[PDB]
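Structure first, commentary second.
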Amino acid sequence: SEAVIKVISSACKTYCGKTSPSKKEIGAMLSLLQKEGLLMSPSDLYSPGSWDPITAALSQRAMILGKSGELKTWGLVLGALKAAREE
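Structure representation (structure tokens):
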């Protein structure tokens, strides 16, 4: 799951624009989406269609639990992959 972090760690710097996530966060997110039962692999981040239930899910967890670390990474990592498919 190294190629799934390089494609985002390099793309976010072009999409997010001085607002990319943290290297330690990316690894703490791609692994969460799996256990959460959202995706089966980190490369699934390139699947524009399941972000709906995934985005609303992480947004609800931050509230129920109270934290917002993982969700923060999703909101950013998604801000890039979203503009990717476009252009």
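Take the sequence shown: its position 24, counted from the start at 1, is 24 in the deposited numbering, and no numbers get skipped. C-beta atoms are modelled at their ideal positions from N, C-alpha and C, and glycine is treated no differently.
7 Å CB neighbourhood of residue i in its chain, flanking five on each side removed
i: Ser1; result: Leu30, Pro42
Inter-residue CB distance, residue i and residue j (contact presumed, cutoff 8 Å)
i: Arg85; j: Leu71; result: Rounded, the Cβ-Cβ distance is 21 Å, inconsistent with contact.
i: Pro21; j: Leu65; result: Contact doesn't hold; Cβ gap of about 19 Å is too wide.
i: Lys23; j: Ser9; result: 7 Å
Sub-7 Å separation of residue i and residue j beta-carbons
i: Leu78; j: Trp51; result: yes
i: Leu81; j: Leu39; result: no
i: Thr73; j: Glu25; result: yes
Neighbourhood of residue i by C-beta distance below 6 Å, restricted to the same chain and skipping five residues each side
i: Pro48; result: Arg85
i: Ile5; result: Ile26
i: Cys12; result: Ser20, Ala80
i: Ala83; result: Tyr15
Cut-off 8 Å between Cβ atoms - residues of its own chain near residue i, not counting five sequence neighbours on either side
i: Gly69; result: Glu25, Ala28
i: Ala3; result: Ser43
Indicate whether the contact test is met: 3 or more Cβ pairs, each with one atom in the segment 9-17 and one in the segment 51-67, closer than 8 Å.
-> no
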